[PDB]
Amino acid sequence: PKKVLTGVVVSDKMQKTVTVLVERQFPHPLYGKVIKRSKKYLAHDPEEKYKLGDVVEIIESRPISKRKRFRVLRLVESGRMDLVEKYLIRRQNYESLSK
Amino acid sequence: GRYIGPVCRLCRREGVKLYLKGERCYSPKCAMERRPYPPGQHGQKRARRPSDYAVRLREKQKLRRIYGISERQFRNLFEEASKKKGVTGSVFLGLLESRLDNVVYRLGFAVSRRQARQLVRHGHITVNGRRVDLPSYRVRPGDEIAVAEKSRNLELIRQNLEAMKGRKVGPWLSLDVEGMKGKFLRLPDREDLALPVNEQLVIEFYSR
Amino acid sequence: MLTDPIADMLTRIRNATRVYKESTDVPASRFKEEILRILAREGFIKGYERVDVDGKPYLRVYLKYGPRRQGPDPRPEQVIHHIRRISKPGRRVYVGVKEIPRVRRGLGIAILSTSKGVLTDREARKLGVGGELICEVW
Amino acid sequence: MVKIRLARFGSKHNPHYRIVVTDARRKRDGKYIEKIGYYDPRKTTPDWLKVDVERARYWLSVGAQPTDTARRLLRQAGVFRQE
Amino acid sequence: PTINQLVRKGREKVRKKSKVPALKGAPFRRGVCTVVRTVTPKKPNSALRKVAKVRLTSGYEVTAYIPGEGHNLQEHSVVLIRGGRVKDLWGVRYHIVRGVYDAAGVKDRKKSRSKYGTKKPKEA
RNA sequence: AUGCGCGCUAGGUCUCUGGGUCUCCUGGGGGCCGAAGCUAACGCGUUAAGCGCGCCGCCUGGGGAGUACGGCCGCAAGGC
RNA sequence: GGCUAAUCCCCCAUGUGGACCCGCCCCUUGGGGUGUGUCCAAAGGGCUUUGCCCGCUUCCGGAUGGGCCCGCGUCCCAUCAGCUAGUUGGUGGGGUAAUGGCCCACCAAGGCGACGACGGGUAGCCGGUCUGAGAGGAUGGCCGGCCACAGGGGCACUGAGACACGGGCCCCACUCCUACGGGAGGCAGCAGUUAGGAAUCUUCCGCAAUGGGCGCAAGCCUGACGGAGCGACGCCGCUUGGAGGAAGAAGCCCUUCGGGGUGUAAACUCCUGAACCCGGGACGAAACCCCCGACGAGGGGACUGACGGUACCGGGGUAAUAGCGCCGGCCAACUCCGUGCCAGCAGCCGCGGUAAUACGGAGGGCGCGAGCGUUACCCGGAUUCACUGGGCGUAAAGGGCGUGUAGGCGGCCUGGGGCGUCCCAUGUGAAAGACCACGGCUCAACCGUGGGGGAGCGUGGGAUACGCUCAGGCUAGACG
Ligand SMILES: [Mg+2]
Ligand SMILES: [Mg+2]
Ligand SMILES: [Mg+2]
Ligand SMILES: [Mg+2]
Ligand SMILES: [Mg+2]
Ligand SMILES: [Mg+2]
Ligand SMILES: [Mg+2]
Ligand SMILES: [Mg+2]
Ligand SMILES: [Mg+2]
Ligand SMILES: [Mg+2]
Ligand SMILES: [Mg+2]
Ligand SMILES: [Mg+2]
Ligand SMILES: [Mg+2]
Ligand SMILES: [Mg+2]
Ligand SMILES: [Mg+2]
Ligand SMILES: [Mg+2]
Ligand SMILES: [Mg+2]
Ligand SMILES: [Mg+2]
Ligand SMILES: [Mg+2]
Ligand SMILES: [Mg+2]
Ligand SMILES: [Mg+2]
Ligand SMILES: [Mg+2]
Ligand SMILES: [Mg+2]
Ligand SMILES: [Mg+2]
Ligand SMILES: [Mg+2]
Ligand SMILES: [Mg+2]
Ligand SMILES: [Mg+2]
Ligand SMILES: [Mg+2]
Ligand SMILES: [Mg+2]
Ligand SMILES: [Mg+2]
Ligand SMILES: [Mg+2]
Ligand SMILES: [Mg+2]
Ligand SMILES: [Mg+2]
Ligand SMILES: [Mg+2]
Ligand SMILES: [Mg+2]
Ligand SMILES: [Mg+2]
Ligand SMILES: [Mg+2]
Ligand SMILES: [Mg+2]
Ligand SMILES: [Mg+2]
Ligand SMILES: [Mg+2]
Ligand SMILES: [Mg+2]
Ligand SMILES: [Mg+2]
Ligand SMILES: [Mg+2]
Ligand SMILES: [Mg+2]
Ligand SMILES: [Mg+2]
Ligand SMILES: [Mg+2]
Ligand SMILES: [Mg+2]
Ligand SMILES: [Mg+2]
Ligand SMILES: [Mg+2]
Ligand SMILES: [Mg+2]
Ligand SMILES: [Mg+2]
Ligand SMILES: [Mg+2]
Ligand SMILES: [Mg+2]
Ligand SMILES: [Mg+2]
Ligand SMILES: [Mg+2]
Ligand SMILES: [Mg+2]
Ligand SMILES: [Mg+2]
Ligand SMILES: [Mg+2]
Ligand SMILES: [Mg+2]
Ligand SMILES: [Mg+2]
Ligand SMILES: [Mg+2]
Ligand SMILES: [Mg+2]
Ligand SMILES: [Mg+2]
Ligand SMILES: [Mg+2]
Ligand SMILES: [Mg+2]
Ligand SMILES: [Mg+2]
Ligand SMILES: [Mg+2]
Ligand SMILES: [Mg+2]
Ligand SMILES: [Mg+2]
Ligand SMILES: [Mg+2]
Ligand SMILES: [Mg+2]
Ligand SMILES: [Mg+2]
Ligand SMILES: [Mg+2]
Ligand SMILES: [Mg+2]
Ligand SMILES: [Mg+2]
Ligand SMILES: [Mg+2]
Ligand SMILES: [Mg+2]
Ligand SMILES: [Mg+2]
Ligand SMILES: [Mg+2]
Ligand SMILES: [Mg+2]
Ligand SMILES: [Mg+2]
Ligand SMILES: [Mg+2]
Ligand SMILES: [Mg+2]
Ligand SMILES: [Mg+2]
Ligand SMILES: [Mg+2]
Ligand SMILES: [Mg+2]
Ligand SMILES: [Mg+2]
Ligand SMILES: [Mg+2]
Ligand SMILES: [Mg+2]
Ligand SMILES: [Mg+2]
Ligand SMILES: [Mg+2]
Ligand SMILES: [Mg+2]
Ligand SMILES: [Mg+2]
Ligand SMILES: [Mg+2]
Ligand SMILES: [Mg+2]
Ligand SMILES: [Mg+2]
Ligand SMILES: [Mg+2]
Ligand SMILES: [Mg+2]
Ligand SMILES: [Zn+2]
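Protein chains in written order, with the authors' numbering: chain Q, 2 to 100; chain D, 2 to 209; chain H, 1 to 138; chain P, 1 to 83; chain L, 5 to 128.
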């Protein structure tokens with residue numbers, strides 16, 4: 002089965018492409034606590050439909066470019082801007098923690 | 002190349018009769034008469050209190066020297082036993098008792114176990130119609146053990162078998178002195194053997 | 001706010017029994033009730049009842065002890081020797097059916113929460129389901 | 001092409017062959033497709049040969065090629081009879 | 005540490021440090037004596053202990069004990085380093101193997117021959 | 001030489017500060033003895049070093065050494 | 001420079017079909033069908049030459065074997081914190097079997113990072129293997145699977161397939177040949193040499209077997225392989241005898257001079273018969289091929305060995321290697337002499353300066369035994385990095401204090417979803433190994449046949465307590 006994932010769109014910034022943020026949960030292999038990781042995916046949005054803050058489905062596809070292996074299958078829920086918010090803040094915190 | 006050298010000395014050191022000579026270990030020559038004390042200069046001095054280790058060691062050595070086999074074979078046989086479904090100590094004693102040389106001793110073909118080994122090694126002994134020259138051969142239930150067709154002439158064999166008239170063999174065995182054969186009926190129970198060895202003490206020896 | 005109401009209830013029981021209280025009030029909830037019912041059926045407690053303290057729901061739990069003893073320290077044996085949360089918030093343990101543990105060679109119990117409901121170890125095995133492993137008791 | 005041949009599984013002076021569907025380019029003892037048989041040339045047991053015809057027939061039908069020795073074994077097993 | 009803390013950080017595996025860079029990993033090493041001399045052991049004991057400075061096939065330079073009763077080793081001799089220390093000496097991390105190369109086995113030693121590297125005596 | 005928060009587990013006594021039908025009781029503080037319990041011991045004990053849960057920090061023989069090197073900060077001293 | 005054949009190359013033809021542009025239909029990424037236009041085929045050889053064999057061409061499918069793509073898993077250092085210009089995306093194009101910044105042109109300004117980017121260090125990965133009660137730790141030799149490389153570096157040609165170990169071009173280092181212009185080479189194939197090293201084998205036999213390449217076949221090739229050789233390197237089996245034999249020789253050791261020990265041990269008696277000689281002597285071998293049948297099916301028949309005259313069977317037949325560590329405690333085994341803080345021992349504590357069970361020898365003793373010790377390395381023990389399974393008042397260990405970001409954790413009641421969680425079915429989890437059973441070599445090691453197990457992941461179905469989530473509600477927390 003072509004893999005299907007579910008994510009929020011954290012980036013509108015490219016042409017015909019969205020950055021889709023996909024969380025994942027699982028027991029830590031030793032310590033056992035359920036831990037939640039995440040991965041950004043570049044997905045193909047040709048019709049430029051999917052906006053910032055959309056929870057969409059992503060599907061494994063024939064490679065569109067380097068780094069784009071997925072397409073945007075459907076819009077599951079619109080307007081989750083808080084997810085985007087957490088993403089942007091996590092990013093912004095990088096500005097500390099160097100020199 | 003198992004222990005080869007004076008046997009009644011182990012009779013002495015282990016502090017109990019283990020019959021490695023068969024006959025004469027029956028008579029009052031065994032040296033256990035007049036020398037129940039262990040061998041050497043100090044053997045007649047006061048014993049100290051044996052450490053747990055010491056106890057278990059010597060118990061295992063008792064069990065081993067009884068069967069004449071090497072520690073390699075002994076240990077390997079033990080591990081074999083500890084794998085098998087069912088109580089190790091018994092199973093071990095049962096696999097020990099199934100050695101062809103042993104079975105030959107047990108059947109009364111040979112006065113002692115070492116002699117039984119030689120009879121086996123020299124092919125005087127057949128299992129299930131075929132010659133078997135390996136002392137370590139494992140006799141399974143139902144296997145017939147006989148003196149070989151030709152070796153039947155040997156004055157030693159005719160001797161021992163003549164002495165085996167009227168003597169009863171073990172209950173897990175059967176003996177027909179007429180065809181000089183006999184059957185290994187089933188694996189002997191701990192209770193079946195008279196062995197002066199606490200085996201659960203040997204089990205504890207490998208537990209280290 | 002209790003951070004783990006279940007651990008809190010178990011602990012209340014533990015403390016209660018350790019001083020030989022006749023009974024102890026835990027703040028009421030359905031899940032707590034199911035755990036109790038299991039204990040009561042298993043004989044670790046005499047029982048429990050619902051009660052309003054300060055017009056608030058609580059479960060009053062009636063503990064159970066041994067007969068008085070002899071020599072110095074006449075204090076009786078505990079019926080609950082051991083009561084322990086396994087899965088806690090912050091590490092949640094879940095077991096499959098093949099993994100539901102035998103407690104104290106059967107003399108104890110484990111309580112699981114399953115999609116068949118709250119069971120004991122034996123209950124879960126016989127029902128053939130696993131779930132979250134709540135606590136050990138013995 | 002895919003072939004049906006013998007792979008040597010025994011020990012020294014103890015040849016035991018698995019009758020095997022495998023790519024010809026594979027080494028003889030290497031990963032094969034599926035084992036259709038076994039063959040014991042010294043005939044030490046009552047069954048020194050076995051086949052599972054239906055399989056060997058299938059493979060022959062999609063184009064497997066027997067080694068003339070594996071062929072001989074197969075025939076002995078009756079893969080080839082018709083009536 | 006809280007479980008979340010172990011997830012974050014986790015226990016640390018404890019590295020082991022070689023007591024012997026005779027090294028190049030080896031069990032033994034060929035070498036050449038530089039000095040052959042004696043030394044005075046640590047506080048509680050007294051004696052003249054026999055040692056050798058060795059340049060190594062590993063390009064290493066180490067003090068080595070010369071175990072036995074008598075010893076024939078001289079300045080320029082070649083030798084085999086065993087490894088393992090002498091506790092009451094200083095920084096002697098290795099022993100010399102008797103019986104191989106220029107170190108002959110201990111003259112007239114009947115009991116433990118393998119250590120000290122001497123062959124079996126003769127019987128009348 | 002005792003991280004923060006929460007719930008739970010005898011009392012006695014002195015005290016600061018509220019409320020109450022103010023002997024006393026009921027909150028919130030500071031102390032001292034002590035139940036159960038804990039602890040290597042000393043001790044701790046509703047102001048826990050007890051019973052539990054959540055999160056953070058930290059340890060992993062003594063020296064070498066809070067030193068060397070690096071980096072960041074600082075006018076410097078010097079700090080992390 | 002010239003001659004010449006072909007299953008070598010090329011041109012027109014036939015178009016089963018196929019390829020391409022455009023249109024239409026169904027499917028939905030470039031899958032399938034259809035129509036017009038265009039474009040593309042072929043090779044001959046052998047026979048008993050009237051029929052068959054070996055081939056050739058186009059197409060469709062099968063089978064096998066690969067390419068490319070994605071999820072997840074995959075060591076150490078944060079004293080490496082910021083990295084990035086084809087970089088990230090787009091349109092068009094080039095390239096390939098094919099997607100793709102794979103490559104180029106143009107446009108946009110992006111992409112990655114504390115969930116550790118970039119940097120440095122180390123490293124082929126795995127099935128498995130060692131250890132471990134387990135969790136875990138450690139490892140990845142041999143055998144099987146994948147990758148990568150063929151003196152270093154770059155590159156392509158040929159082809160179905162290669163950027164090609166025993167093919168090619170270039171550059172660099174090296175060895176050799178040289179008429180000084182210039183050329184030739186590539187054992188990380190078998191065996192062998194040399195250097196380095198503590199250390200690692202025969203320049204063997206054979207094509208008989210299994211397997212591979214070509215050939216219609218006969219057949220040829222095969223240092224793959226099947227064997228033999230060398231090394232106690234490992235594992236397993238086997239031997240150096242067996243029975244009798246003193247109220248107990250000699251020698252040697254202890255002695256309280258009474259005796260005690262080595263000890264049935266020896267001598268000796270008898271018995272068996274490892275080695276060894278003689279005789280017989282394999283399995284592994286049946287196809288390829290021959291006959292009948294139609295070169296099929298079926299049936300029948302004969303050739304075929306390195307190992308080897310080996311294993312094995314039968315006859316004969318000699319009492320016929322034992323050593324190595326230890327003996328103060330841990331730890332099983334004690335006395336005498338010599339030495340006198342010496343000589344020495346030593347894993348740890350320690351022993352030796354006049355009685356040393358600790359040094360050296362001797363007697364005796366314990367442990368193993370064709371081995372026994374040693375060194376090195378891994379797990380162990382070590383619950384001593386503590387998930388199982390540890391801690392922090394004084395032993396190491398609470399941050400000087402706060403505010404709060406990321407993150408972690410979350411009261412009571414109801415309902416929806418079912419992501420975690422659980423259950424069933426199913427596919428996958430190769431072989432080997434491990435486990436169990438039965439079997440084959442006299443046994444075992446070794447090997448065969450069979451059975452079972454198995455975390456994880458894929459697809460389908462089900463459960464809803466708990467965790468998540470969404471919606472609603474309460475007031476015991478919290479704030480007012
Ligand atoms: Mg856009
Ligand atoms: Mg693109
Ligand atoms: Mg789509
Ligand atoms: Mg930035
Ligand atoms: Mg057992
Ligand atoms: Mg013998
Ligand atoms: Mg019986
Ligand atoms: Mg152990
Ligand atoms: Mg009460
Ligand atoms: Mg699971
Ligand atoms: Mg292949
Ligand atoms: Mg067919
Ligand atoms: Mg160096
Ligand atoms: Mg401190
Ligand atoms: Mg401090
Ligand atoms: Mg704490
Ligand atoms: Mg008070
Ligand atoms: Mg007042
Ligand atoms: Mg107070
Ligand atoms: Mg007390
Ligand atoms: Mg006390
Ligand atoms: Mg106190
Ligand atoms: Mg309190
Ligand atoms: Mg209180
Ligand atoms: Mg507290
Ligand atoms: Mg404490
Ligand atoms: Mg240190
Ligand atoms: Mg300072
Ligand atoms: Mg400055
Ligand atoms: Mg200062
Ligand atoms: Mg020309
Ligand atoms: Mg020409
Ligand atoms: Mg012409
Ligand atoms: Mg042509
Ligand atoms: Mg044409
Ligand atoms: Mg047509
Ligand atoms: Mg295919
Ligand atoms: Mg540094
Ligand atoms: Mg560039
Ligand atoms: Mg190509
Ligand atoms: Mg493109
Ligand atoms: Mg991430
Ligand atoms: Mg490397
Ligand atoms: Mg194991
Ligand atoms: Mg690994
Ligand atoms: Mg391999
Ligand atoms: Mg290269
Ligand atoms: Mg090159
Ligand atoms: Mg190269
Ligand atoms: Mg290449
Ligand atoms: Mg070559
Ligand atoms: Mg050399
Ligand atoms: Mg070889
Ligand atoms: Mg061949
Ligand atoms: Mg062939
Ligand atoms: Mg052909
Ligand atoms: Mg070979
Ligand atoms: Mg004798
Ligand atoms: Mg005497
Ligand atoms: Mg004779
Ligand atoms: Mg044959
Ligand atoms: Mg043959
Ligand atoms: Mg014909
Ligand atoms: Mg035929
Ligand atoms: Mg013979
Ligand atoms: Mg004879
Ligand atoms: Mg002799
Ligand atoms: Mg001792
Ligand atoms: Mg010594
Ligand atoms: Mg003296
Ligand atoms: Mg003395
Ligand atoms: Mg002294
Ligand atoms: Mg001594
Ligand atoms: Mg000693
Ligand atoms: Mg000594
Ligand atoms: Mg001796
Ligand atoms: Mg052996
Ligand atoms: Mg550990
Ligand atoms: Mg452990
Ligand atoms: Mg440590
Ligand atoms: Mg822990
Ligand atoms: Mg675990
Ligand atoms: Mg600790
Ligand atoms: Mg503080
Ligand atoms: Mg938060
Ligand atoms: Mg909750
Ligand atoms: Mg679900
Ligand atoms: Mg399955
Ligand atoms: Mg398997
Ligand atoms: Mg198998
Ligand atoms: Mg294992
Ligand atoms: Mg068998
Ligand atoms: Mg096996
Ligand atoms: Mg499912
Ligand atoms: Mg439901
Ligand atoms: Mg619900
Ligand atoms: Mg949450
Ligand atoms: Mg609400
Ligand atoms: Zn005796």
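Each residue gets a CB set at the ideal place from its N, CA and C atoms; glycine is no exception.
Between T17(H) and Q78(H), what straight-line distance do the alpha-carbon atoms span, to the nearest angstrom?
-> For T17(H) and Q78(H), the distance between alpha carbons rounds to 7 Å.
Contact with chain H by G8(Q), beta-carbon distance below 8 Å | It does not; no Cβ of chain H falls within 8 Å.
Where do the ends of the alpha helix (DSSP H) carrying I13(H) lie?
-> DSSP places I13(H) in the uninterrupted alpha helix (DSSP H) bounded by 5 to 18.
Measuring only between beta-carbons, confirm whether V11(L) sits less than 8 Å from chain Q.
-> Taking CB atoms only, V11(L) has a neighbour in chain Q less than 8 Å away.
Just how far apart, CA to CA, sit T18(Q) and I86(H)?
-> Taking the straight line from one Cα to the other gives about 47 Å.
How would you write the range of the beta strand (DSSP E) that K32(H) sits in, first residue to last?
-> Counting along the chain, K32(H) falls outside any beta strand (DSSP E), though it belongs to the alpha helix (DSSP H) covering 30 to 42.
Any non-hydrogen atom of ligand 6 within 7 Å of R118(D) CB | Result yes, Cβ under 7 Å from ligand 6.
Which listed residue (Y38(P), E83(P), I4(P)) has its alpha carbon closest to that of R18(P) | If we check each option's Cα against that of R18(P), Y38(P) comes out closest.
Which term fits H45(Q), buried or exposed, when burial requires 16 or more other beta carbons within 10 angstroms of its beta carbon?
-> Answer is buried; the Cβ neighbour count reaches 16.
Just curious, the alpha helix (DSSP H) that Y58(P) is in, first and last residue?
-> 53 to 61 is the extent of the alpha helix (DSSP H) around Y58(P).
Return yes when the C-beta of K21(H) is under 7 Å from any heavy atom of ligand 9, and no when it is not.
-> Yes, the Cβ of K21(H) comes within 7 Å of a heavy atom of ligand 9.
Report the option in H99(L), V58(L), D92(L) whose CA atom is closest to the CA atom of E79(L).
-> Between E79(L) and the set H99(L), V58(L), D92(L), the nearest pair of CA atoms involves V58(L).
Please work out which residues of its chain come closer than 7 Å, Cβ to Cβ, to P76(H), disregarding the five sequence neighbours upstream and downstream, and give them in chain order.
-> Excluding the 5 residues flanking it on each side, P76(H) has same chain C-beta neighbours closer than 7 Å at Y65, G66, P67, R68, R69, in chain order.
For a contact meaning CB atoms closer than 7 Å, what does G90(H) contact in chain Q?
-> Correct list: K34.
Which two residues bound the contiguous beta strand (DSSP E) that contains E132(H)?
-> Element bounds for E132(H): 131 to 137.
In angstroms, rounded to a whole number, what distance separates the CA positions of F44(H) and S79(Q)?
-> So the two alpha carbons sit approximately 52 Å from each other.
Nearest to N154(D) (by Cα), restricted to the options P172(D), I5(D), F110(D), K86(D) | Looking from the CA of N154(D), the closest CA among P172(D), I5(D), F110(D), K86(D) belongs to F110(D).
Reference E179(D); option with closest CA among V112(D), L162(D), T89(D), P39(D) | When C-alpha distances from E179(D) are compared across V112(D), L162(D), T89(D), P39(D), the shortest belongs to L162(D).
Interface partners of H45(Q) on chain L, CB under 9 Å | The premise fails here: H45(Q) is roughly 35 Å from chain L at the closest Cβ pair, so nothing lies under 9 Å.
Is the segment 44 to 62 of chain Q in contact with the segment 4 to 14 of chain Q, if contact means three or more CB pairs nearer than 8 Å?
-> Taking 8 Å as the limit for Cβ pairs, the verdict is that the segment 4 to 14 of chain Q does touch the segment 44 to 62 of chain Q.
Would you call the segment 67 to 86 of chain D and the segment 80 to 93 of chain Q in contact, with 3 or more CB pairs under 8 Å?
-> Contact fails: fewer than three Cβ-Cβ distances are below 8 Å.
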